[PDB]
Amino acid sequence: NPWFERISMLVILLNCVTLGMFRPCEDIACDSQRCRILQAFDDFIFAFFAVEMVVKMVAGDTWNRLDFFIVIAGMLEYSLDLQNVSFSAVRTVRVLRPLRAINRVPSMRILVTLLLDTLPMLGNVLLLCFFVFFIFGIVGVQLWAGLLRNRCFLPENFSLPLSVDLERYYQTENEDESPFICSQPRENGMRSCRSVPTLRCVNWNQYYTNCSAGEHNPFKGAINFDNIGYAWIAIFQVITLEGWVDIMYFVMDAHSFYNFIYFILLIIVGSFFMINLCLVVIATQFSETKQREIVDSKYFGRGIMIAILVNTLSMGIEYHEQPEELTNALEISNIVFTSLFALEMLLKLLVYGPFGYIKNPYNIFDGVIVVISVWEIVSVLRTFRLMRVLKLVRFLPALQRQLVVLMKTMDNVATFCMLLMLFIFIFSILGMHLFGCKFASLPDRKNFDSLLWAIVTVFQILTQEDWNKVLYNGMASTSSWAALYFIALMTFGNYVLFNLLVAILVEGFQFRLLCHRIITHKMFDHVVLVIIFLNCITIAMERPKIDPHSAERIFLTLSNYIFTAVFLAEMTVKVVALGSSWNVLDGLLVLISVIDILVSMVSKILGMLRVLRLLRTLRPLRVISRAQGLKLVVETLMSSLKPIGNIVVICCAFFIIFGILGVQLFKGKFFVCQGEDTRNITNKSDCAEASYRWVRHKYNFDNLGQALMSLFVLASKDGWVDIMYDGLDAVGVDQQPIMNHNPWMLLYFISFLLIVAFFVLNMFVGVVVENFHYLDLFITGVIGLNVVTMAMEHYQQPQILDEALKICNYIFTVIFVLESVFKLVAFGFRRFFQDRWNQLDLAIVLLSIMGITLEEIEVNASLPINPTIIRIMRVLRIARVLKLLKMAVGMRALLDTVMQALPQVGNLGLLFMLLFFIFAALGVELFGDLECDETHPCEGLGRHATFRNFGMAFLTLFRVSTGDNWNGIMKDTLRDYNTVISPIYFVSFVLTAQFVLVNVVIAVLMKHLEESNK
Ligand SMILES: CC(C)CCC[C@@H](C)[C@H]1CC[C@H]2[C@@H]3CC=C4C[C@@H](OC(=O)CCC(=O)O)CC[C@]4(C)[C@H]3CC[C@]12C
Ligand SMILES: CC(C)CCC[C@@H](C)[C@H]1CC[C@H]2[C@@H]3CC=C4C[C@@H](OC(=O)CCC(=O)O)CC[C@]4(C)[C@H]3CC[C@]12C
Ligand SMILES: CC(C)CCC[C@@H](C)[C@H]1CC[C@H]2[C@@H]3CC=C4C[C@@H](OC(=O)CCC(=O)O)CC[C@]4(C)[C@H]3CC[C@]12C
Ligand SMILES: CC(C)(C)NC(=O)CN1CCC(CNC(=O)c2cc(F)cc(Cl)c2)CC1
Ligand SMILES: *[C@@H]1O[C@H](CO)[C@@H](O)[C@H](O)[C@H]1NC(C)=O
Ligand SMILES: *[C@@H]1O[C@H](CO)[C@@H](O)[C@H](O)[C@H]1NC(C)=O
Ligand SMILES: *[C@@H]1O[C@H](CO)[C@@H](O)[C@H](O)[C@H]1NC(C)=O
Ligand SMILES: *[C@@H]1O[C@H](CO)[C@@H](O)[C@H](O)[C@H]1NC(C)=O
Ligand SMILES: [Ca+2]
Ligand SMILES: [Ca+2]
């Protein structure tokens, strides 16, 4: 009996190794001998399992029912295989064979029972997820159906000659990824057929003037709003915050500029207060589900503590293209330190006994370090000098206690990481059968051929980075119903399975006298806050294209004087009366502002002066002291960081250690030859004959300076895939990179993404745990049928389908009038108004009858009315679905908890806009004069994201704060002093904006976790 449970697990290991080596390209035919042996193995495997179900039928509840479903899906395969005519859709069902392991492994079965016990409480946030997909889905179909099909065409009478080979509409350089999408004369839009570039004789690009709907949508047909099906694929890509910016820029070009409001709202409501609401429910219910269940004279000890850290620091300056006299000085420095720790071993071996030298567990590690290092001194060994950084651990006890508890965690999450590698493997087999050899086929890097590149792709999709690029391949190569793979992969992986890991961690850790009178006065703290807000208007008004001798420059020149005088007079009042840190901050800002007046009165002075203007952008932070809600919160945030100060130290150390490891593997390798054909190019001088350009990559590992930026762009996960591609291709110092040259470098880039995600997740739980200590039933079916009849509207719907939804709109409005008059009978004019929902019900029926009698007038054509009001009325028809709010009694209790903690959120949010203000001001000052034209290309900036003035810098820093292509913006700043400035600007913005947004999530969770206690 007990040997039966372990011998069943050995056959499942034999079934995973059989599914893994599937080889989808060559297994179209069974002619290979390797394919035929595997088939026999599968047949034997099926037989063992089938027999095992009979022996269990000597004596199900849940897991035998999964075990019975798989053998039935097996028998259906061998039944069709006999008579030789079949489809190839039931083969894919054997992906569910590694699911058997969950019952066998006794630690996985207990974990997935707790997962299936908390998912019923997760149904209220999927009820909210329906309102977001339906409200933002129907509006998007009302606005932008068929507007991404339109191009600039020729005129219809215009005959074209037979030989020019022009497409009859303006094709760009990459027609699928970014076509030229114009605005019709009906709409406003941001693009018109006027701005078509001259053709590079006779140019036919001036004749494309007819903006008309074409035949295909961008990204090979996957991004459009013609249906409620395709609208949910676009909205789901906005929820994950990956590529939502390319969707908004299509809509800005074709419909109007003001379409940005729709996008800002969907990220706040959906991508932030709905995705993080799924974390709070799982992290609460999991916590309630389990609770339901002379050499030590300290001068020699301080002598070695500097001797390790000086040795380690020296390694940091590897520096590509060094003098070589520095390398000789580096190797002599190896001889001096390694002889010293040979000497330290020689003293501790003589004064202390060798019976007690091995008895100390730290000493043996040091001893090994000597025999490895000394042996190498008297490559792979020169890389082992980084391991000597681990000798700091004996000399300090605080990270000894932190590295102990951090490894107690890896005992607790070991059963999670086994269930996580079952999840990645099962979706990787499924990707090989569904997609296989059907992509661009040179074939693209993100294929589902060859299981190793199927596991990396599924891991990559899980990290939410260029996953839309994988979606658009699979939708265009099988069918548009292949989006359900990527929705199932990412909802079940990121939104239930990652939040389980947070839930495991959370439960695991647990004159002069009168001058003092006005300072006391309450309105003095308020009247100066108006003067601060009046000064914020004249920071936003600054921009590079103001004339120096104008009516606006003298308003910015003179108002500089009246504010600098009144903040100086505000300070010399307090010094007379009073005689804190926030008073120090206010004095330095006026100290900066007075000197800038004097330096301006004098005229390399400008270079010195330039610095003063940057300092002036910090004027907006004066309000933190004045506002009482902003002062408590900032202090609390600063206070919260102390507990996880040790985890940051280990994490700050780890960036250095993978930083010096990164330089020593990748030093001077990241050079590439940008040219025309570049296929017969092997090295550097080969480009010198072809007159191409031997260009360096923007993110690289030449020194420790460039490496710590390449590791930040990995850790923020934006554009990390392209950096991993550069390390896989890296062949030599002056050598042309070859595609997939060293595939073992996946161990460098994926171990860094996993360890960083472990510290950040342990910094998160450390901050959380310290902060802890039959009428209306008939109206439900009518609304549930109105939801259907609004989603049936689509682009180019027939006249029979169009007229039928008009008659249905006639009978829903009438029986909303009827159910309001009938309910007024039993209540009688007072209880119908004393209720709150009847004031919401009758207001909907009012707006429904308001538009239905006004659309009749246009069909009457008695007055040629504005068709704008017909459309607005149509969009406001979506209001009918709200009447489901009263019914959803469990979802409204979930939103009421958020309201309790809403006050804290408002304070955090207001600090979120001081970050945008200061940064936006800085951006105009730093990045305002640069341009993206046809002469100068840009990877991240363009017609829709500049720093040209304050308003456009406020939207770009919204796009950076979500982390969608923030690094392509950074690559455009250092395209041409921006070598030092542009790293400091973006790292200070991303580390601060994410820390403010995490505290919004921490503040919501504490209001919900404590309500579950009391
Ligand atoms: C918070 C959620 C649950 C409630 C529903 C939010 C949206 C469905 C509504 C809220 C206000 C609406 C916006 C108000 C301002 C307009 C300007 C309008 O631009 C135009 O000037 C029309 C141009 C033309 O005529 O072609 C385009 C739609 C838009 C963005 C609307 C898009 C849909 C919005 C975002
Ligand atoms: C763990 C958190 C803090 C993220 C990692 C920190 C880095 C993202 C930040 C910290 C200070 C910054 C660095 C401060 C010093 C400079 C040196 C500077 O040197 C060069 O430009 C040399 C150019 C060449 O190779 O020719 C490059 C930017 C750099 C490395 C900065 C890059 C980004 C840095 C490393
Ligand atoms: C080691 C830890 C404790 C400090 C954190 C890293 C940075 C804050 C410091 C320490 C090591 C410094 C680097 C040491 C080696 C040099 C090489 C130096 O070489 C050049 O100027 C480029 C010359 C060329 O391109 O040929 C540029 C600055 C740089 C990267 C330094 C930039 C600033 C660094 C990264
Ligand atoms: C900080 C806090 C807690 C508020 N929110 C997050 O941290 C959200 N983040 C986790 C999910 C996404 C990345 N998800 C993975 O990287 C990933 C990779 C895998 F291989 C497996 C899994 Cl389950 C997930 C985005 C970042
Ligand atoms: C624009 O092009 C479409 C199709 O190419 C045509 O039907 C329409 O009449 C054209 N409009 C004008 C004004 O030429
Ligand atoms: C060409 O001429 C008219 C304009 O007079 C244009 O509107 C139409 O599309 C064409 N008509 C015919 C008959 O080709
Ligand atoms: C590249 O090399 C191959 C093999 O020598 C040759 O046939 C081909 O013409 C070369 N291409 C160019 C552009 O020189
Ligand atoms: C560079 O590549 C060419 C291949 O065309 C090779 O012949 C040459 O030896 C290489 N090395 C140099 C020029 O140092
Ligand atoms: Ca991205
Ligand atoms: Ca991203």
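Residues numbered from 1 in each chain as written, not as in the entry; some residues may be left out. Chains lettered and ligands numbered in written order. Heavy atoms only, no water. Residues with missing side-chain atoms left out of burial classes, pairs and counts.

The deposited coordinates derive from cryo-EM, with the record listing a resolution of 3.1 Å.

1. Structural notes on a negative patch on the surface
Taken together, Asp-929, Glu-931, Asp-933 and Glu-934 make up a surface patch of like negative charges. With respect to the helices and strands, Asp-929 occurs in the loop between α41 (902-927) and α42 (950-961). (Patch = residues over 30% accessible without salt bridge, like charges linked within 9 Å, V, L, I, M, F, W, Y side chains within 5 Å. Areas by Shrake-Rupley, 256 points an atom, 1.4 Å probe, with all protein chains shown as cover. Salt bridge = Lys/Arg side-chain N within 4 Å of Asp/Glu carboxyl O. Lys, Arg positive; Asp, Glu negative; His and termini not counted. Charge placed at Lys NZ, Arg CZ, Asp CG, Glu CD. Helix = DSSP H or I, 4+ residues; strand = E, 2+ residues; numbered from the N terminus.)

2. Some details on helix α23 (residues 522-540)
The end-to-end C-alpha distance of α23 is 29 Å, a good match for the 27 Å that 19 residues give at a rise of 1.5 Å each. For α23, the set of buried residues is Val-528, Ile-532, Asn-535, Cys-536, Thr-538 and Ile-539. The buried residues of α23 occupy one face: seen down the axis, they fall within an arc of 160°. Pointing more than 90 degrees away from the buried face of α23 are the exposed residues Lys-522, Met-523 and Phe-533. For α23, the elements touching its buried residues are α24 (553-577), α27 (623-626) and α41. (Expected span 1.5 Å × (residues − 1). Buried < 20%, exposed > 50% of the residue type's maximum accessible area, 1.4 Å probe, protein only. Arc of directions from axis to C-beta. Contact = heavy atoms within 4.5 Å.)

3. Points about the packing of aromatic side chains
In this structure the tally under the stated criterion is 58 aromatic pairs. Judged by centre distance (5.1 Å) and plane angle (65°), the ring pair of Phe-919 and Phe-989 falls under edge-to-face. Judged by its relative accessible area of 2%, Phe-989 is buried. Pairing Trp-966 with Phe-986 gives two aromatic rings, centres 6.0 Å apart and planes at 40°, and the pair type is tilted. Across the pair, exposure class does not vary: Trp-966 and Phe-986 are buried alike. (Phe/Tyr/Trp six-rings, centres within 6.5 Å; stacked < 30°, edge-to-face > 60°.)

4. Brief notes about empty space enclosed by the protein
One simple way to see leftover space: roll a probe sized like a water molecule over the atoms. Of the voids in this model, the largest cavity is the one considered here, and its volume is about 130 Å³. Lining the largest cavity are 14 residues, and of these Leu-847, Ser-848, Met-873, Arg-877 and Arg-880 sit closest to its centre. Going through the elements one at a time, α35 (799-827), α37 (837-852) and α39 (867-876) are the ones with two or more residues in the lining of the largest cavity. By residue class, the composition of the lining of the largest cavity is six nonpolar, four polar and four charged. (1 Å grid on protein atoms, 1.4 Å probe; cavity = no way out; pocket = protein on both sides within 12 Å on 5 of 7 lines; lining within 4 Å. Points joined across faces, edges and corners; volume = space filled by probe spheres on them. Nonpolar A, V, L, I, M, F, W, Y, C, P; charged D, E, K, R; others polar.)

5. Some words on the pattern of salt bridges
Pairs can form between side chains of opposite charge once their charged atoms are near each other. Using the criterion set out here, one finds 26 salt bridges in the structure. For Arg-104, the salt bridge identified is with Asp-67, shortest N-O distance 3.5 Å. With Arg-104 in helix α4 (residues 101-104) and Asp-67 in helix α3 (residues 63-82), this pair connects stretches of sequence that are 37 residues apart. The pair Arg-104 / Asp-67 is uniform in exposure class, with both members buried. Of the charged contacts in the structure, one is a salt bridge between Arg-445 and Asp-729, with a shortest N-O distance of 3.7 Å.

6. What about the packing of helix α26 (residues 605-616) against α41?
The N-to-C vectors of α26 and α41 enclose an angle of 160°; their axes lie 9 Å apart at closest approach. With respect to α41, the axis of α26 lies roughly antiparallel. Read as a crossing pair, α26 and α41 show a hand that is right-handed. Between α26, through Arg-610, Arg-613 and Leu-614, and α41, the contact on the second element is made entirely by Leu-922, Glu-925 and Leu-926. A per-class count over the contact of α26 with α41 returns three nonpolar, no polar and three charged. (Axes fitted to C-alpha atoms, helices over the stretch in contact; angles between N-to-C directions. Parallel < 35°, antiparallel > 145°, perpendicular 65-115°, else oblique. Left-handed = near helix turned anticlockwise from the far one by under 90°.)

7. A closer look at the coordination of the calcium ion (ligand 9)
All of the protein donors around the calcium ion (ligand 9) are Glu-242 (OE), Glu-242 (OE), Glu-465 (OE) and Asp-718 (OD); their distances to the metal are 2.6 to 3.0 Å. Distance-wise, the calcium ion (ligand 10) is placed 3.0 Å from the calcium ion (ligand 9), both being coordinated by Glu-242. (Donors = N, O, S within 2.8 Å, 3.2 Å for Na, K, Ca; no water.)

8. Details of the environment of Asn-494
Along the polypeptide, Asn-494 turns up in helix α20 (residues 483-494). Between the alpha carbons of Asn-494 and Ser-477 there is a distance of 26 Å; along the sequence they are 17 residues apart. Setting aside residues up to four positions removed in sequence, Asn-494 forms contacts with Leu-462, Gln-464 and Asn-499. Looking at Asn-494, its side chain comes within polar contact range of the main-chain oxygen of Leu-462, at 3.3 Å. (Polar contact = N/O pair within 3.5 Å; in protein donor to acceptor, adjacent residues only side chain to side chain.)

9. Description of the state of the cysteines
Under the definition given, this model contains four disulfides. Put simply, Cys-182 and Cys-211 are joined by a disulfide, and their sulfur atoms are 2.0 Å apart. Classification of the bridge connecting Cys-182 and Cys-211 rests on its S-S torsion, roughly 95°, and on that basis the disulfide is right-handed. Both residues of the pair, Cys-182 and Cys-211, count as buried. (Disulfide = S-S within 2.5 Å.)

10. A look at the environment of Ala-804
Its location among the elements puts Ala-804 in helix α35. For the pair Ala-804 and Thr-789, spaced 15 residues apart in sequence, the C-alpha to C-alpha distance is 9.7 Å.

11. Points about unusual backbone geometry
If you check the backbone angles, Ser-450 has positive phi at about 60° while not being a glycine. Locating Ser-450 in the fold gives a position in the loop between α17 (414-434) and α18 (452-462). Taking the relative accessible area as the measure of exposure, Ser-450 reaches 47% and is therefore partly exposed. Of note in the backbone geometry, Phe-829 takes a positive phi value of approximately 70° without being a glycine. Mapped onto the secondary structure, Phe-829 falls in the loop between α35 and α36 (831-834).

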